[PDB]
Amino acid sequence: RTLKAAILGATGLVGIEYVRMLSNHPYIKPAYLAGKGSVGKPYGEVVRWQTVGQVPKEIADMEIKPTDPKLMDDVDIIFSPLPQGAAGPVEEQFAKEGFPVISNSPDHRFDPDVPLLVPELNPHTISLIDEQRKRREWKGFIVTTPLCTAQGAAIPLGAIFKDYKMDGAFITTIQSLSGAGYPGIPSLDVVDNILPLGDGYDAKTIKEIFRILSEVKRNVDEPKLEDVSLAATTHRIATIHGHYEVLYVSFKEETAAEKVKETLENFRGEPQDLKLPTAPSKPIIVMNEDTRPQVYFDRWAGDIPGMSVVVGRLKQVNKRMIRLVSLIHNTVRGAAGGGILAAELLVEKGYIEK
C-alpha cells in the first residue's frame, strides 16, 4: 500500500526536491535513487543539497543506482527530470517496460498523446494516456509537467482565461539560476549583470503556455485561442530559487482588476477538491502589499511550501488591461512538486495502481 518511486537524476537540483518531499510523503516512498556519473556511491556523498534543511538521514546512505529499466522490477513510479535530448529515449524505454513515467523534461511535452499537465488546470487531459497506450502499444505511460517558467504565467493566466475574454499577455521574467542545473549558469554571467535567454527560450515559454491554455475547460467562449496574443522576454539573475514574472494582461471588453483578483483568490481545482497530499489549499495566493511578493520571502509560501504561485500587484492599467506579477518556486511547483501532485492525481484516477 506504499508505492515505491525511483527518482532519475536523484542528485540534481530537481531530484533533490523529489527526495526532500517524498521522504515525507504518506504513501509514495523515495525508494530507488537513480544516477549515472556516480552509480555505486552513497547519495549523501555526491549530492548538492542546494535546498532547505538537510539530506534525510535514511536517504544519506543509499547507493546511487543505474538508470536501467530491467533492474527496477520492485519499482512502481518513475519520476524523470533528465536533460533534454537524453530524457525522451529513456522515458520511452521505461513506458515500454510497463512503468508509469512522470517527466519534468521537455522531450515529450508536445507529443499529442502525452499530457502536459498542470493538475489544477487541465486534469482531464490525463485521459490521453488511453490513446497513447493504444498508439504506442506499451503498458506503461508518460506524463510531462510544463516548464517551470511557463507554469509561473500559465497558472494565473489559466485561471483568468477560464472566466474572462483575455485576448493577450505580455510577460517579462526574471528567473533564478537553479533552473539551469549545475554547472548551469557561469557566475560571470550574473554577477553585476542580467542575462537574457534569447528568442528560442522566449518562443518555447509562449508555446507551452498556449498548449496549456488550449486545454483549459472555459466558462466563456471568446476570444478564440488563435486570436490570443502571447509574448515573453526572459532573463536570469543571481537568485537561487524562485522565478519572478511581470504580466500585462489584456482583454476584449472592459474588465476590472478587482474582479480578476477575486477569481484568482478563489481559484481551486480537482487537486483541492480531492484533497491530494501535495495539493496546496490555495494554489494561487494573492498578496496585497505594493512591494510583494519578493523572491526570497514568498517562494516557500502556502500550506504545502513552494506549491503555491504567489501573485501580487493587481492593478488596473486601462479598462482593458491590467498588470500583476506572479512568483513560482521553480523546482517545487515548477518541477518536482508539480510532478508529485501529478502522480497523486493519477493514483486517485486509477491510472497508477495502489
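Just count from 1 along the sequence shown to find any residue number.
Averaging C-alpha B-factors over each stretch, which comes out higher, 199 to 207 or 124 to 132?
Averaged over C-alpha atoms, the B-factors run higher in 124 to 132.
Taking the mean of the C-alpha B-factors per stretch from the entry, tell me the winner out of 308 to 316 and 58 to 66.
Higher mean C-alpha B-factor in the PDB entry: 58 to 66.
Sort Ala95, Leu264, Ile155, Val191 by C-alpha B-factor from the entry and give me just the highest.
Answer for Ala95, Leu264, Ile155, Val191: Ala95, with the highest C-alpha B-factor.
Per the entry's Cα B factor values, which of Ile142, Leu116, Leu71, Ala279 stands out as the maximum?
Of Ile142, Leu116, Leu71, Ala279, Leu71 has the highest C-alpha B-factor.
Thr11: which third of its chain by C-alpha temperature factor?
For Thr11, the deposited C-alpha B-factor lands in the middle third.
Which third of the chain holds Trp300 when residues are ordered by C-alpha B factor: lowest, middle or highest?
Its C-alpha B-factor belongs to the middle third of this chain's values.
Where does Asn288 sit by CA temperature factor within its chain: lowest, middle or highest third?
For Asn288, the deposited C-alpha B-factor lands in the middle third.
Taking the entry's C-alpha B-factors for this chain, is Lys275 in the lowest, middle or highest third?
Highest third, going by the recorded CA B-factors of the chain.
Which third, lowest, middle or highest, does the C-alpha temperature factor of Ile77 belong to within its own chain?
Tercile = highest for this residue's CA B-factor.
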